[PDB]
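K.L.:
Before we start, here is the structure in question, set down as structure tokens.
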Amino acid sequence: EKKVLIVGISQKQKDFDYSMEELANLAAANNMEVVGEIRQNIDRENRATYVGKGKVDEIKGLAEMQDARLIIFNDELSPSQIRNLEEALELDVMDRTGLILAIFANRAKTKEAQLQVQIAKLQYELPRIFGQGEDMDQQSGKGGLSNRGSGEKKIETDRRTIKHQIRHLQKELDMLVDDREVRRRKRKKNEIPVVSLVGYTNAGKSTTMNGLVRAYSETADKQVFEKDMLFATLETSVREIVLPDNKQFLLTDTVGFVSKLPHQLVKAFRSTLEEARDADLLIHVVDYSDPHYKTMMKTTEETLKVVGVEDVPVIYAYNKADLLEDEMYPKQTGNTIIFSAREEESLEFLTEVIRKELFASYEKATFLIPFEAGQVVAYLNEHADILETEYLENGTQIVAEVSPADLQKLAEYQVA
Amino acid sequence: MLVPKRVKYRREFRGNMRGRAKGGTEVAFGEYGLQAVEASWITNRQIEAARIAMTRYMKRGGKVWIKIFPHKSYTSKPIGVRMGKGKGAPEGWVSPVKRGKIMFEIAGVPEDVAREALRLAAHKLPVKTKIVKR
Amino acid sequence: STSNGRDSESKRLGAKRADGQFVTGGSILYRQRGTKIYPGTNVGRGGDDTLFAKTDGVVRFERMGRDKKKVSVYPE
RNA sequence: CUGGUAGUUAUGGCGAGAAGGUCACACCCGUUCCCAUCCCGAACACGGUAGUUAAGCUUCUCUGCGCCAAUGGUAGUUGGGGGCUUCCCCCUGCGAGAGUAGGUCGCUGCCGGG
RNA sequence: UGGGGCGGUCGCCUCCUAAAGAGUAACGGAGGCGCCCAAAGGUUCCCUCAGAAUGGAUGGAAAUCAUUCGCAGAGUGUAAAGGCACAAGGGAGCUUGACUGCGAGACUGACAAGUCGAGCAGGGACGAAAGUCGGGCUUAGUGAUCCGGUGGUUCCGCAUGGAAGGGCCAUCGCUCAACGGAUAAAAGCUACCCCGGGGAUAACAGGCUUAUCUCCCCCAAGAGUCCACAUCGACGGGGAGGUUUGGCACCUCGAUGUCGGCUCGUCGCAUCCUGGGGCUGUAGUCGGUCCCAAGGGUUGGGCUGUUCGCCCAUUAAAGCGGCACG
RNA sequence: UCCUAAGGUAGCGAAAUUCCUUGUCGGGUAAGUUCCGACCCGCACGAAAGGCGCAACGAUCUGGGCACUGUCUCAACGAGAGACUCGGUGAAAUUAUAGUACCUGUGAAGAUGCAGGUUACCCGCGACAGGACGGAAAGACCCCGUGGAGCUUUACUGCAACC
RNA sequence: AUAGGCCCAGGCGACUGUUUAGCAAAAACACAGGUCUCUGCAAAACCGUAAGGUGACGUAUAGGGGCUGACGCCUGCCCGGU
RNA sequence: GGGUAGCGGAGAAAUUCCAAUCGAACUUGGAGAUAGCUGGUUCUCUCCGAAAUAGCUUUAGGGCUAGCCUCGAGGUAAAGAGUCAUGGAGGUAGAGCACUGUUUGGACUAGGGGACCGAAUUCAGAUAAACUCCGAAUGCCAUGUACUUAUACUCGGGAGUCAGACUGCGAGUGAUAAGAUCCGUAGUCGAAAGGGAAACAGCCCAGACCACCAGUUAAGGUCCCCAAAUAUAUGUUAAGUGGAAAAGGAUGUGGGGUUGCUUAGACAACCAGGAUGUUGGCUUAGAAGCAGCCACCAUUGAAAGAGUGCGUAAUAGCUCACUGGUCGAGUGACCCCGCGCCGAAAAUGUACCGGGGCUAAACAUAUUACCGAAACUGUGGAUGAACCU
Ligand SMILES: Nc1nc2c(ncn2[C@@H]2O[C@H](COP(=O)(O)OP(=O)(O)CP(=O)(O)O)[C@@H](O)[C@H]2O)c(=O)[nH]1
Ligand SMILES: [Mg+2]
Ligand SMILES: [Mg+2]
Ligand SMILES: [Mg+2]
Ligand SMILES: [Mg+2]
Ligand SMILES: [Mg+2]
Ligand SMILES: [Mg+2]
Ligand SMILES: [Mg+2]
Ligand SMILES: [Mg+2]
Ligand SMILES: [Mg+2]
Ligand SMILES: [Mg+2]
Ligand SMILES: [Mg+2]
Ligand SMILES: [Mg+2]
Ligand SMILES: [Mg+2]
Ligand SMILES: [Mg+2]
Ligand SMILES: [Mg+2]
Ligand SMILES: [Mg+2]
Ligand SMILES: [Mg+2]
Ligand SMILES: [Mg+2]
Ligand SMILES: [Mg+2]
Ligand SMILES: [Mg+2]
Ligand SMILES: [Mg+2]
Ligand SMILES: [Mg+2]
Ligand SMILES: [Mg+2]
Ligand SMILES: [Mg+2]
Ligand SMILES: [Mg+2]
Ligand SMILES: [Mg+2]
Ligand SMILES: [Mg+2]
Ligand SMILES: [Mg+2]
Ligand SMILES: [Mg+2]
Ligand SMILES: [Mg+2]
Ligand SMILES: [Mg+2]
Ligand SMILES: [Mg+2]
Ligand SMILES: [Mg+2]
Ligand SMILES: [Mg+2]
Ligand SMILES: [Mg+2]
Ligand SMILES: [Mg+2]
Ligand SMILES: [Mg+2]
Ligand SMILES: [Mg+2]
Ligand SMILES: [Mg+2]
Ligand SMILES: [Mg+2]
Ligand SMILES: [Mg+2]
Ligand SMILES: [Mg+2]
Ligand SMILES: [Mg+2]
Ligand SMILES: [Mg+2]
Ligand SMILES: [Mg+2]
Ligand SMILES: [Mg+2]
Ligand SMILES: [Mg+2]
Ligand SMILES: [Mg+2]
Ligand SMILES: [Mg+2]
Ligand SMILES: [Mg+2]
Ligand SMILES: [Mg+2]
Ligand SMILES: [Mg+2]
Ligand SMILES: [Mg+2]
Ligand SMILES: [Mg+2]
Ligand SMILES: [Mg+2]
Ligand SMILES: [Mg+2]
Ligand SMILES: [Mg+2]
Ligand SMILES: [Mg+2]
Ligand SMILES: [Mg+2]
Ligand SMILES: [Mg+2]
Ligand SMILES: [Mg+2]
Ligand SMILES: [Mg+2]
Ligand SMILES: [Mg+2]
Ligand SMILES: [Mg+2]
Ligand SMILES: [Mg+2]
Ligand SMILES: [Mg+2]
Ligand SMILES: [Mg+2]
Ligand SMILES: [Mg+2]
Ligand SMILES: [Mg+2]
Ligand SMILES: [Mg+2]
Ligand SMILES: [Mg+2]
Ligand SMILES: [Mg+2]
Ligand SMILES: [Mg+2]
Ligand SMILES: [Mg+2]
Ligand SMILES: [Mg+2]
Ligand SMILES: [Mg+2]
Ligand SMILES: [Mg+2]
Ligand SMILES: [Mg+2]
Ligand SMILES: [Mg+2]
Ligand SMILES: [Mg+2]
Ligand SMILES: [Mg+2]
Ligand SMILES: [Mg+2]
Ligand SMILES: [Mg+2]
Ligand SMILES: [Mg+2]
Ligand SMILES: [Mg+2]
Ligand SMILES: [Mg+2]
Ligand SMILES: [Mg+2]
Ligand SMILES: [Mg+2]
Ligand SMILES: [Mg+2]
Ligand SMILES: [Mg+2]
């Protein structure tokens, strides 16, 4: 495990004590031993070193007396700040932006995600080509009037050759959207309602789905990855849930997300967060035990705003209510639920909640199905919830709560 | 992923792969083996991939022996560097495999699953192989 | 960008006279470090471990006990 | 038979067991003298022989360890010729390492006592 | 010097490359040196290590004892290699051979230089004697000439006697380290530049290679409302092309004009549209993917020198590349 | 609280100065990497190398409008001087000898001349520029030469002048 | 036949003028104004080996040199180093 | 009309002007400055014939000494070359774990732990340019009186060379790329013509003294261009493979070796049966062989599953496993080997046999004739050296 160091400044932030300990957890995930940490209270970042010429001395001092090799900075660095910090430390440096890119590149097990990481990582290098251009300009070849060589300057050329790779990945990533819409064709051709779980990382998202599947799914042997790791899930998964009274819907998962996320990964997120934009309901799971939960909501709602997830009704779910002392879960107030995704009751209570938003238009009805030719009695007993059935001599009178698309699909069999 | 903890010298010659295997050409521990028919270099990533693909199929049943280890190391130069100015920085570890070497082992499972697991492993390696029995 | 690149000139060690070849007194028979060959009859060891004949004769590389050799000179 | 002293790549060594002797050789007794201990008559040096084969020493038996060691086969390879050239094949000459059949509880020379 | 510059290096010792004599290159792979010792040298006599187990223990994983096992698992001033237990390793006594004049004969070697040496003479140290001793177990610890300083001298001394001054022997003064040392004495800019040469050597274009790049596949964990293969396919593996970023330096320096546009085009198919067909998560409309097909088509503007890109408005469609980036 | 001789004041600020950069917001346009107005987050503004403004002036640089138009969509026609035919006079750069095709390949790695094929009766006149790595100029760019010259300095050694 | 196209906004330079005969007419040079410094007359400064001259047939409201460049508002801190 | 002259003058300053010339005018002299640099260097024949390497160098495209060439003269205890016999030094290829590193599985465990990590021991199995208990083939140094064969050495006069190239083998750098770069070893080119690779310095054969309208062969070839076999015998290929390219895929084709049933009737077909407790029991609105779970006997029989597939909604229905008969010659299961198939895409024009064209005029094994060079021979000439008369 590599030994690294953690550096950051205040610069008018409001959770500098919290945004500094994420960078410890983000470093643990990338398999680095955080040896020490540096904090400086300043109002604005330095234009040349990000910390001011003073503290550059005691990062060099501290990394020499702690055997560090890499320095992580809590915020993204300008190309010039990177250039100046290198020479002043003669050590590898890395900002927070590249720390997620190191996390995502090691946990992308599909080219769906692998292409998106790689295009975003290439857009990061384009501004740094200048510093690469500056150092490579020492051996400029020099001279003057050549009359027999090349076109423009070297800085023009090496900028063109890196933009060329970007547009190629853009073409490949554009064709990715066409592929994913083919797999949604059956869902969209029908009108199966879809509800998408969202929320901060380690909120209890997978734990919820893996419970609603083991209880109300025909193929219960289709579980998901629930663990203690940060960023366990990095994909969307769909599962068909069928309630005991013969109602069906689709439950989707989502990759969790953290604050200070690079703006060139949200463009990749925009693709992977498509199931939520078309969701007809959202479940916002929040880590209720952490006192930093109120701040967790803000960073996730300001993130759904970027990708176009809006106007979908939301129900806020507060997980981990077992840990809180004297908590009488489950309980519902407003659009808010208190539960723990471990007991069946919370999961049995949650399912009865969603039924109100999705299936509220299924109204009472009656029908008369002749015995001689049936094959509709089966249909009622699947696409409805029978209450009572009166097997008569004329045939089979039935009473059931059928969908509005089944009233007029069976408008001839209905009786008074 | 198999990597030696220590090395006396960082840089090494590349060597040659002439002749049959010096030893280890007979299956000893298990009852099924994967024997190379031609000679090739095997990196540690290929060993990892083959082992994973072969253990997943048996569903954590039986035992598997890795009969080769990547003692050697190899170096490389970045794009845009002229020739000279010393040797390159090491990149990975390889196991020079000569023909006739048995380099995987299976025991504790019947004929079918063992043969299928060996077949699944053999597609991850860059060398032509065959399945032998004790 | 290279810390290596240096060596020492060779010292031309080895055997300077062959077995069975007539040899003149005082001539070097073997240049060597330490004692890979021991001095036998009518031969001595120099300050830096060379072996030189002491009388005119014929060179012969015999064998001492199992794991070591010697060279001797026999007059005519 | 035994004491002394040399040669020979342990086939001679290590280990195990038995027998023997005051003819020789040792153990043994002593510190006045010559001589000695980073202290000590343990050793070395000197003066003696009440007791002993317990050990040293000699002889006898073994294959447990070690050591020496073929024949056949094989790898490799000089020369000549071929291929589908990470390397491979054919003809002639040379020819291992490992493994094994097997061998070993030594063989010789000189001087003094019995 | 895989163009030059920046970086690194320049002398000597040890090992691998070095292909079982010796020798053998690269800006190939690893290390050391520019000293130290008055005993860490000579001689005579004596003996033998690391480590492990058991008990006392102040005192533990580890101090100092006692027994047993123990071929070197230690040590050898120092880097490595070769060697050394009949010591070249460890003690004690006496001493200064860490001497003077030499040296048959050899090794190495273009020269200058470097290395070994029996034995003779003078006078000694240790030892009863035989005998050993011209520094250190062996190989690094060092620089010529010229010019000056210090000591000795039966040498010369410009008419003669002296002297001044030289000669000979011994010895001192170098990071002359760019270490066979140009001089006692030495840094930069040139886009205002000039001459003699070179494709022996760089920038454009051609050539070889294909790491990289584009495209095509093999196995199949998985995703896809169940469901590996409608549509994607991770970890790994195999090729084709010569459009990218690179490597090499083969033609051209007695000149091969170098970016974008304009005019004119012409080829390839890995097909953007149109034509024919298979599968579909193909009810219909709208689509996806693959197969056969190169016959014709494949816009007008705002910003930027821009190729490219973003945007406005259309279109059946607004293809990707080669031709000295035509 | 440390160090220094002391720690950038006013004014201005994506600038003839900002790499990231087409910074962010507003205006202008159907669409504005250029332009104007703001923010300050000044890689690397800043006070006589002057800082910030400023009426008049400018064959100065930059952005937008009215009018006007062959600059363009997209090219017609007409006049004159050449060019074209006839009579007079009459050069030059260049030049190894030439009865001087195309394709694929080979070769000092880009062939009219070499190999295999495919085409081609002999001689001219008016036109166009793909090739003859076409003509002109012993490449300026690059490197080399123990070549040169001009310039600088706390490189070495000197000289004038002054004390 | 001959005889101003006009308007809005910004950078630079205050203005008229000068400049690379033969690629660059400009934001570059000059300028009026500001400031620092040297010079008491055989003045300082400059040419010349000297004689002899310019400065000047002048005399500190005069003469030589450095920087800035109309005009308006201003021109901050440091004398350790040279 | 005059003034300022080059170690200088003038400059509202641009290295600007000083007779079409100015980062320092023109002219004559020193002067035939110097040039380790480029170019040039004129008649013939005869004999011999290299090098592109080492050390040092203000040295790297220059020089010096040595190495390699040539001419002359010397002296023999003949010293040069090849093979044979004999003796040696040396640790590479290979192999091995006896030392040192790297390393896999198992047993036990010091030590800490109120079971778990884990030092050392052992068992079995690997690995090494800078590991070695071992250790070749070649090469090298000598001895000989063995047998052949012609050089060696010393002294002196004269040089040139110090940019090398590719191919085979052994290594390094590189990516186990390059017509790359740098060494060792052998060859060819350089300095080599002739024949074959279509064309072609370096690949294969082979070394031109001159003439001939003579002969035999080498590499390579014999249907036509184009000299010589539409040769002989036995087989394989159907792909124009031959005449380009992998992982991977496959009822292509030929030859062998194994193994079930069968004229007391094999496989493929057709005719007939293919049933009863019973809808096996749970589960469900149901579940009747075929949503799911557990079980899976018996009855008649020659056979017949508490059911292989399709189907309903549950049924209904179609069909299979199995048995009897009908016709009457073989029919499935595995392994090895040879040759083929797909994978297979580029830019002026067929364009991955030189062309035509080939089903052999391709491939494998064996045999025999011929063609084929400036090679060797035959005939006639010219000439150098050594040694004899
Ligand atoms: N104490 C407590 N822990 C819970 C509760 N629900 C889930 N967790 C824990 O939270 C941990 C985080 O796992 P989970 O939240 O499922 O992962 P995730 O939400 O998919 C993270 P991402 O959003 O990036 O995919 C789990 O280890 C789980 O045990 C709860 O109600 N109480
Ligand atoms: Mg320049
Ligand atoms: Mg240029
Ligand atoms: Mg999740
Ligand atoms: Mg050496
Ligand atoms: Mg000595
Ligand atoms: Mg010495
Ligand atoms: Mg007796
Ligand atoms: Mg006494
Ligand atoms: Mg022995
Ligand atoms: Mg044998
Ligand atoms: Mg043997
Ligand atoms: Mg050799
Ligand atoms: Mg050698
Ligand atoms: Mg070297
Ligand atoms: Mg060093
Ligand atoms: Mg001198
Ligand atoms: Mg005298
Ligand atoms: Mg006198
Ligand atoms: Mg040094
Ligand atoms: Mg010098
Ligand atoms: Mg030198
Ligand atoms: Mg030297
Ligand atoms: Mg300029
Ligand atoms: Mg020139
Ligand atoms: Mg060249
Ligand atoms: Mg090029
Ligand atoms: Mg060209
Ligand atoms: Mg070269
Ligand atoms: Mg020319
Ligand atoms: Mg096609
Ligand atoms: Mg279709
Ligand atoms: Mg077409
Ligand atoms: Mg406009
Ligand atoms: Mg072009
Ligand atoms: Mg190109
Ligand atoms: Mg090209
Ligand atoms: Mg801007
Ligand atoms: Mg501007
Ligand atoms: Mg804007
Ligand atoms: Mg602005
Ligand atoms: Mg300024
Ligand atoms: Mg100032
Ligand atoms: Mg100004
Ligand atoms: Mg201003
Ligand atoms: Mg103004
Ligand atoms: Mg003017
Ligand atoms: Mg006319
Ligand atoms: Mg005329
Ligand atoms: Mg070619
Ligand atoms: Mg051509
Ligand atoms: Mg032709
Ligand atoms: Mg004409
Ligand atoms: Mg030309
Ligand atoms: Mg020239
Ligand atoms: Mg000069
Ligand atoms: Mg002006
Ligand atoms: Mg001009
Ligand atoms: Mg006057
Ligand atoms: Mg000014
Ligand atoms: Mg001031
Ligand atoms: Mg001062
Ligand atoms: Mg002062
Ligand atoms: Mg005049
Ligand atoms: Mg002047
Ligand atoms: Mg200038
Ligand atoms: Mg001029
Ligand atoms: Mg002027
Ligand atoms: Mg002029
Ligand atoms: Mg002269
Ligand atoms: Mg000749
Ligand atoms: Mg030359
Ligand atoms: Mg010479
Ligand atoms: Mg080996
Ligand atoms: Mg000579
Ligand atoms: Mg040389
Ligand atoms: Mg050379
Ligand atoms: Mg060479
Ligand atoms: Mg090569
Ligand atoms: Mg080459
Ligand atoms: Mg030549
Ligand atoms: Mg030839
Ligand atoms: Mg030829
Ligand atoms: Mg050819
Ligand atoms: Mg014929
Ligand atoms: Mg073919
Ligand atoms: Mg195949
Ligand atoms: Mg074509
Ligand atoms: Mg014939
Ligand atoms: Mg002849
Ligand atoms: Mg004749």
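By order of appearance in the structure tokens: chains A, B, ..., then residues from 1 within every chain, and ligands from 1 in the order shown.
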Using DSSP on the backbone coordinates, identify all residues within segment 45-74 of chain C classified as strand (DSSP E); present the result as a PyMOL selection string.
P.N.:
chain C and resi 45+51-53+57-63+69-74
K.L.:
All residues within 9 Å of ligand 8 are required, counting only C-alpha atoms (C1' of nucleotides) and all ligand atoms; please report them as a list in words.
P.N.:
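Every residue with an atom at most 9 Å from ligand 8 is listed here: residues 21, 22, 23 and 114 of chain D.
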K.L.:
Quick one: everything within 10 Å of segment 230-243 of chain H, counting only C-alpha atoms (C1' of nucleotides), minus sequence neighbours fewer than 5 positions away in the same chain. Send it as JSON, numbers by chain.
P.N.:
{"H": [222, 223, 253, 254, 338, 339, 340, 341, 352, 353, 358, 359, 361, 362, 363, 364, 365, 366, 367, 368, 369]}
K.L.:
Could you tell me, counting only C-alpha atoms (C1' of nucleotides) and all ligand atoms, which protein and nucleic acid residues lie no more than 10 Å from ligand 45, written as a list in words?
P.N.:
residues 12, 51, 52, 53 and 54 of chain F; 11 and 12 of chain G
K.L.:
Please identify every polymer residue within 12 Å of ligand 51, using only C-alpha atoms (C1' of nucleotides) and all ligand atoms, and present the set as a PyMOL selection string.
P.N.:
chain F and resi 103-107+109-111+114
K.L.:
Applying 6 Å and only C-alpha atoms (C1' of nucleotides), which residues near residue 98 of chain B remain after dropping the ones on its own chain fewer than 5 positions away? List them as a PyMOL selection string.
P.N.:
chain B and resi 17+20-21+39
K.L.:
Set the cut-off to 7 Å, count only C-alpha atoms (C1' of nucleotides) and all ligand atoms, and list whatever residues fall near ligand 28 as a list in words.
P.N.:
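Counting only C-alpha atoms (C1' of nucleotides) and all ligand atoms, the residues within 7 Å of ligand 28 come out as residues 205, 206, 251, 252 and 256 of chain E; 110 and 133 of chain F.
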K.L.:
Produce as a list in words the set of residues near ligand 14, where near means within 8 Å with only C-alpha atoms (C1' of nucleotides) and all ligand atoms considered.
P.N.:
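Checking only C-alpha atoms (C1' of nucleotides) and all ligand atoms against ligand 14 at 8 Å gives residues 18, 21, 22 and 23 of chain E.
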K.L.:
Would you save the residues of that selection, restricted to N, CA, C and O atoms (P, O5', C5', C4', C3', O3' and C1' of nucleotides), as a PDB file, in the first residue's frame?
P.N.:
```
ATOM      1  P     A E  18      28.085 -12.751 -24.151  1.00  0.00           P
ATOM      2  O5'   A E  18      29.468 -13.205 -23.522  1.00  0.00           O
ATOM      3  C5'   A E  18      30.264 -14.178 -24.172  1.00  0.00           C
ATOM      4  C4'   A E  18      31.671 -14.195 -23.640  1.00  0.00           C
ATOM      5  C3'   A E  18      31.812 -14.350 -22.133  1.00  0.00           C
ATOM      6  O3'   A E  18      32.977 -15.130 -21.867  1.00  0.00           O
ATOM      7  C1'   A E  18      32.865 -12.358 -22.824  1.00  0.00           C
ATOM      8  P     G E  21      38.128 -20.606 -23.551  1.00  0.00           P
ATOM      9  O5'   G E  21      39.526 -20.131 -22.965  1.00  0.00           O
ATOM     10  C5'   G E  21      40.170 -20.859 -21.933  1.00  0.00           C
ATOM     11  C4'   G E  21      41.637 -20.533 -21.865  1.00  0.00           C
ATOM     12  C3'   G E  21      41.990 -19.056 -21.844  1.00  0.00           C
ATOM     13  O3'   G E  21      41.890 -18.494 -20.548  1.00  0.00           O
ATOM     14  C1'   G E  21      43.362 -20.186 -23.409  1.00  0.00           C
ATOM     15  P     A E  22      41.171 -17.077 -20.320  1.00  0.00           P
ATOM     16  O5'   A E  22      42.111 -16.038 -21.072  1.00  0.00           O
ATOM     17  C5'   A E  22      43.332 -15.608 -20.493  1.00  0.00           C
ATOM     18  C4'   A E  22      44.122 -14.744 -21.444  1.00  0.00           C
ATOM     19  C3'   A E  22      43.422 -13.497 -21.952  1.00  0.00           C
ATOM     20  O3'   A E  22      43.508 -12.422 -21.041  1.00  0.00           O
ATOM     21  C1'   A E  22      44.416 -14.635 -23.762  1.00  0.00           C
ATOM     22  P     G E  23      42.217 -11.534 -20.708  1.00  0.00           P
ATOM     23  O5'   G E  23      41.993 -10.654 -22.015  1.00  0.00           O
ATOM     24  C5'   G E  23      42.992  -9.769 -22.493  1.00  0.00           C
ATOM     25  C4'   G E  23      42.729  -9.361 -23.924  1.00  0.00           C
ATOM     26  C3'   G E  23      41.382  -8.712 -24.200  1.00  0.00           C
ATOM     27  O3'   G E  23      41.375  -7.326 -23.904  1.00  0.00           O
ATOM     28  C1'   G E  23      41.814 -10.378 -25.823  1.00  0.00           C
TER      29        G E  23
END
```
K.L.:
Give me the residues of chain E that have any atom at most 8 Å from an atom of chain C; for each, the nearest atom pair and the distance in Å, rounded to one decimal. Use only C-alpha atoms (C1' of nucleotides), sort by chain and number, and format it as JSON lines.
P.N.:
```
{"residue": "E:7", "atom": "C1'", "partner": "C:1", "partner_atom": "CA", "distance": 7.2}
{"residue": "E:8", "atom": "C1'", "partner": "C:1", "partner_atom": "CA", "distance": 5.7}
{"residue": "E:12", "atom": "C1'", "partner": "C:8", "partner_atom": "CA", "distance": 7.7}
{"residue": "E:13", "atom": "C1'", "partner": "C:8", "partner_atom": "CA", "distance": 6.4}
{"residue": "E:14", "atom": "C1'", "partner": "C:8", "partner_atom": "CA", "distance": 7.8}
{"residue": "E:21", "atom": "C1'", "partner": "C:14", "partner_atom": "CA", "distance": 7.4}
{"residue": "E:22", "atom": "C1'", "partner": "C:12", "partner_atom": "CA", "distance": 6.3}
{"residue": "E:27", "atom": "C1'", "partner": "C:2", "partner_atom": "CA", "distance": 6.8}
{"residue": "E:28", "atom": "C1'", "partner": "C:5", "partner_atom": "CA", "distance": 7.7}
{"residue": "E:29", "atom": "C1'", "partner": "C:4", "partner_atom": "CA", "distance": 7.9}
{"residue": "E:30", "atom": "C1'", "partner": "C:4", "partner_atom": "CA", "distance": 7.9}
{"residue": "E:82", "atom": "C1'", "partner": "C:33", "partner_atom": "CA", "distance": 5.4}
{"residue": "E:83", "atom": "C1'", "partner": "C:34", "partner_atom": "CA", "distance": 4.3}
{"residue": "E:104", "atom": "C1'", "partner": "C:26", "partner_atom": "CA", "distance": 8.0}
{"residue": "E:105", "atom": "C1'", "partner": "C:26", "partner_atom": "CA", "distance": 4.9}
{"residue": "E:106", "atom": "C1'", "partner": "C:27", "partner_atom": "CA", "distance": 4.1}
{"residue": "E:107", "atom": "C1'", "partner": "C:28", "partner_atom": "CA", "distance": 6.8}
{"residue": "E:108", "atom": "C1'", "partner": "C:12", "partner_atom": "CA", "distance": 7.6}
{"residue": "E:116", "atom": "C1'", "partner": "C:46", "partner_atom": "CA", "distance": 6.3}
{"residue": "E:117", "atom": "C1'", "partner": "C:26", "partner_atom": "CA", "distance": 6.2}
{"residue": "E:118", "atom": "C1'", "partner": "C:54", "partner_atom": "CA", "distance": 5.6}
{"residue": "E:137", "atom": "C1'", "partner": "C:34", "partner_atom": "CA", "distance": 7.4}
{"residue": "E:138", "atom": "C1'", "partner": "C:33", "partner_atom": "CA", "distance": 5.5}
{"residue": "E:139", "atom": "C1'", "partner": "C:33", "partner_atom": "CA", "distance": 7.3}
```
K.L.:
Mind pulling up the distance from atom CA of residue 201 of chain A to atom CA of residue 323 of chain A?
P.N.:
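Value for the atom CA of residue 323 of chain A-atom CA of residue 201 of chain A distance: 18.1 Å.
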K.L.:
Counting only C-alpha atoms (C1' of nucleotides), which residues of chain C fall within 12 Å of chain D, and what is the closest atom pair for each with its distance in Å at one decimal, ordered by chain and rising number, as a Markdown table?
P.N.:
```
| residue | atom | partner | partner_atom | distance |
| --- | --- | --- | --- | --- |
| C:63 | CA | D:9 | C1' | 9.1 |
| C:64 | CA | D:9 | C1' | 8.4 |
| C:65 | CA | D:9 | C1' | 5.8 |
| C:66 | CA | D:9 | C1' | 4.7 |
| C:67 | CA | D:9 | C1' | 8.4 |
| C:68 | CA | D:9 | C1' | 10.3 |
| C:69 | CA | D:9 | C1' | 11.7 |
```
K.L.:
Kindly determine which residues of chain A lie within 9 Å of chain H, considering only C-alpha atoms (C1' of nucleotides), and give the answer as a PyMOL selection string.
P.N.:
chain A and resi 374-378+381
K.L.:
Filtering to N, CA, C and O atoms, could you give me those residues as a compact mmCIF listing (two decimals), in the first residue's frame?
P.N.:
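Generated output (out_27.txt):
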```txt
# COMPACT_ATOMS: atom_id res chain seq x y z
N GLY A 374 -63.98 -19.75 -21.39
CA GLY A 374 -63.39 -18.89 -20.39
C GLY A 374 -62.17 -18.14 -20.87
O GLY A 374 -62.30 -17.09 -21.50
N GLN A 375 -60.98 -18.64 -20.51
CA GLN A 375 -59.66 -18.11 -20.88
C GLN A 375 -59.53 -16.62 -20.57
O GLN A 375 -58.57 -15.98 -21.00
N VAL A 376 -60.46 -16.08 -19.79
CA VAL A 376 -60.42 -14.69 -19.37
C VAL A 376 -60.35 -14.71 -17.85
O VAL A 376 -59.80 -13.80 -17.23
N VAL A 377 -60.91 -15.77 -17.26
CA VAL A 377 -60.79 -15.97 -15.82
C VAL A 377 -59.33 -16.01 -15.41
O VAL A 377 -58.94 -15.43 -14.39
N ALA A 378 -58.50 -16.68 -16.21
CA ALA A 378 -57.06 -16.64 -15.96
C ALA A 378 -56.53 -15.21 -16.06
O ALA A 378 -55.74 -14.78 -15.22
N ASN A 381 -57.26 -13.20 -13.01
CA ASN A 381 -56.51 -13.63 -11.84
C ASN A 381 -55.03 -13.30 -11.93
O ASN A 381 -54.30 -13.54 -10.96
```
K.L.:
Could you report the residues within 10 Å of ligand 52, using only C-alpha atoms (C1' of nucleotides) and all ligand atoms, as a VMD selection string?
P.N.:
chain F and resid 113 to 117
K.L.:
Could you tell me which residues of chain B sit within 12 Å of chain C when counting only C-alpha atoms, and give me the result as a ChimeraX atom specification?
P.N.:
/B:84-88
